[PDB]
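S.K.:
Number of protein chains: 2
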Amino acid sequence: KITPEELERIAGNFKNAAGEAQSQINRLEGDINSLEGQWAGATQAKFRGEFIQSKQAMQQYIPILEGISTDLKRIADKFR
Amino acid sequence: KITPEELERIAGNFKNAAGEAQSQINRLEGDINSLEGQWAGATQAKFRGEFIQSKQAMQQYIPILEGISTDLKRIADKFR
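Chains as they are written, first to last, in the deposited numbering: chain B, 5 to 84; chain A, 5 to 84.
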């Protein structure tokens with residue numbers, strides 16, 4: 005029923021979704037890093053919100069990403 | 005209180021977790037791809053299992069990854 009071909013295009017979509025996620029964290033990290041130089045004279049108060057939000061987003065998805073990696077690594081190990 | 009220093013460190017762990025996800029996806033897709041050439045007799049039967057797992061896993065992780073990228077996109081938008 006399931007062919008290598010259909011798995012390829014699913015894997016394709018996976019790689020695309022995984023890359024887009026990597027693309028966005030690179031954008032976010034790019035914005036944070038710009039903040040570092042002007043930070044000392046900035047007014048933190050108006051950045052408190054998005055800082056807490058971004059911190060929450062990242063820390064809550066990290067263990068999800070890691071569980072994805074370990075799940076996938078296990079399947080790719082059966083292939084030995 | 006949260007500093008861009010702190011977020012920068014978290015962001016790096018996020019990058020690493022997302023990277024390991026990409027790492028394993030590429031590993032699995034390489035395995036599937038190497039089978040296209042011999043999608044014949046005992047092979048299909050021998051790898052029917054990992055194929056079922058692979059499809060179930062990939063198909064379910066796609067929208068999760070798409071959820072992550074969408075969330076990060078909107079936050080990065082906010083920083084603007």
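Cβ atoms here follow ideal geometry from the backbone N, Cα and C, with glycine treated the same way.
1. With a threshold of 7 Å (Cβ to nearest heavy atom), would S38 of chain B be considered close to the ligand NAP?
2. List the endpoints of the continuous alpha helix (DSSP H) containing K82 of chain B.
3. What does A80 of chain A touch in chain B if you count any residue whose Cβ is under 8 Å from its own?
4. Buried or exposed for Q64 of chain A, please, with buried defined as at least 16 other CB atoms from any protein chain shown within 10 angstroms of its CB.
5. Tell me, please, whether the CB atom of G23 of chain B is closer than 8 Å to any CB atom in chain A?
6. To the nearest angstrom, how far is it from the Cα of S73 of chain B to the Cα of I29 of chain A?
M.R.: Reading off the structure:
1. Questions concerning the ligand NAP fall outside what the structure shown contains, since it holds no ligand whatsoever.
2. Counting along the chain, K82 of chain B falls outside any alpha helix (DSSP H), and DSSP gives it neither H nor E.
3. Those are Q28, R31, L32, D35, listed as they occur along chain B.
4. Classification of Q64 of chain A: exposed, given that the 10 Å Cβ count is below 16.
5. Taking 8 Å as the threshold, the shortest C-beta distance from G23 of chain B to chain A falls below it.
6. Computed Cα separation, rounded: 8 Å.
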